[PDB]
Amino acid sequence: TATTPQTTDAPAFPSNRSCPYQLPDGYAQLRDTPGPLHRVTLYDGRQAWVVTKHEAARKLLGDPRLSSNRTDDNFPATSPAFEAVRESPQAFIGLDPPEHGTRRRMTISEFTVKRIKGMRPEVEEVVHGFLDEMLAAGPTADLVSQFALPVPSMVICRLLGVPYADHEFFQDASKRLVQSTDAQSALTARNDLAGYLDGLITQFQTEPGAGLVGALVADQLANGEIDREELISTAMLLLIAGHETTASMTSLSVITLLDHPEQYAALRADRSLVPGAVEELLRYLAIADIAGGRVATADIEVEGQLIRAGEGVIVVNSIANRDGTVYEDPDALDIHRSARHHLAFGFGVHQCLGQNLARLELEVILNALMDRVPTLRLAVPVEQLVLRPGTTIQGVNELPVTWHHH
């Protein structure tokens, strides 16, 4: 057996959070090591680079030599479940320019600033509606299943034209796909969603439909500008991202804010602080911190280190968002700080399409919780919560909460 010291200079990656709003111990070590890159070992033994510093993360996310093609054999897989993505058709998150832009531009009209503004009444109505139901249904609740997940789910379904009557099916399928640990169950969940979306496309070809899927069917698909399979992949990407990211931000923001009651109280006293607090929570919680997988298609020199063609690179935006040369005392939550330039949404051509919808949802949600349930508190200690592993979007699958009755 192994009878020698076990220290490595390529630690296992990813690591799991033990506290919802702090770096895993291994990530703090990576943050502290000088230099933009560090070697890591992925689940299957293959070595990869992680980017651990803020400016280098921007530079490398902007470098066209780091491809987003998940079907490349050398793309960095962080769990066996990734092989489902490598073997499946790709939405534009997995495309490089110029193909990336031709698909992304088919969807941007739904996510413009003007459109996001017009969505405020629907978002406020959805948030307060689910709040009405939860506040009436019990002294305690699971904030995730009763509030954090249904709210962004209903909103993105309206944007897409996906009927919410099927929400039990596709919410469950979304969860299985994002949170699966093995390739078979990820593949089944993708096929479940794909078959559902394919039937919706045929329905819209018979009776033109609402929302973005309706528009893609009536226009780009009818002109042959997007393949049917690509339309499915695109709708699936938007559906899942629209569900899972905002829901995780909501639950983790509640946990984090209740552990910083002085800042939560200041926020309640001055709602002009809510947009800045949302930016700080995005920086601090960085829930998609592994969404920056890339593969080099050519050699890239980075500050004396060399990324060789064919190596995998993961831009770890949670670590980059704790760069003390950008955010003073980076491990402190400070809703009054400038969290500008954070990487929670990435950077460059793939920067999050939904970022301003997410910012709107989280502002409405925080204002609604402070308005309607100012007495909200966790029903279990933080040490009893179960955090998702570092191989998926960060969050908690259950969040027991209570408040003052009626």
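One-based numbering along the sequence shown. Each form is matched to the other, and the largest set of C-alpha atoms that superpose within 1.5 Å is called the rigid core.
Novice: Rigid core superposed, root mean square over structures and residues, which stretch has C-alphas farther from this form in 5 other deposited structures of this protein, 139 to 147 or 80 to 88?
Specialist: After superposing on the rigid core, the more displaced stretch in 5 other deposited structures of this protein is 80 to 88.
Novice: When the other structures are laid on this one by the rigid core, do the CA atoms of 200 to 208 or of 289 to 297 sit farther away in 5 other deposited structures of this protein?
Specialist: Between 200 to 208 and 289 to 297, the one lying farther away in 5 other deposited structures of this protein is 289 to 297.
Novice: Which is higher on mean Cα B factor in this entry, 104 to 112 or 266 to 274?
Specialist: So the stretch with the higher mean C-alpha B-factor is 266 to 274.
Novice: Using only the Cα atoms and their B-factors as the entry lists them, report which of 21 to 29 and 387 to 395 averages higher.
Specialist: On average, C-alpha B-factors are higher across 21 to 29.
Novice: Between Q220, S233, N74, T297, which one tops the list for Cα B-factor in this entry?
Specialist: Among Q220, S233, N74, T297, the highest C-alpha B-factor in the entry belongs to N74.
Novice: Can you tell me which of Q351, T375, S68, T52 has the maximum CA B-factor listed in the PDB entry?
Specialist: Highest C-alpha B-factor among the listed residues goes to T375.
Novice: If you rank the chain by CA B-factor, which third does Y164 end up in: lowest, middle or highest?
Specialist: According to the entry, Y164 has a C-alpha B-factor in the chain's highest third.
Novice: How does the C-alpha B factor of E303 compare with the rest of the chain: lowest, middle or highest third?
Specialist: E303: CA B-factor falls in the highest third of its chain.
Novice: Hey, what third does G45 fall into on Cα B-factor, ranked over its chain?
Specialist: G45: CA B-factor falls in the highest third of its chain.
Novice: Comparing against every modelled residue in the chain, figure out the third that the C-alpha B-factor of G346 lands in (lowest, middle or highest).
Specialist: Tercile = lowest for this residue's CA B-factor.
Novice: Determine, from the deposited record, the chain-internal third of the Cα B-factor for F92: lowest, middle or highest.
Specialist: For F92, the deposited C-alpha B-factor lands in the lowest third.
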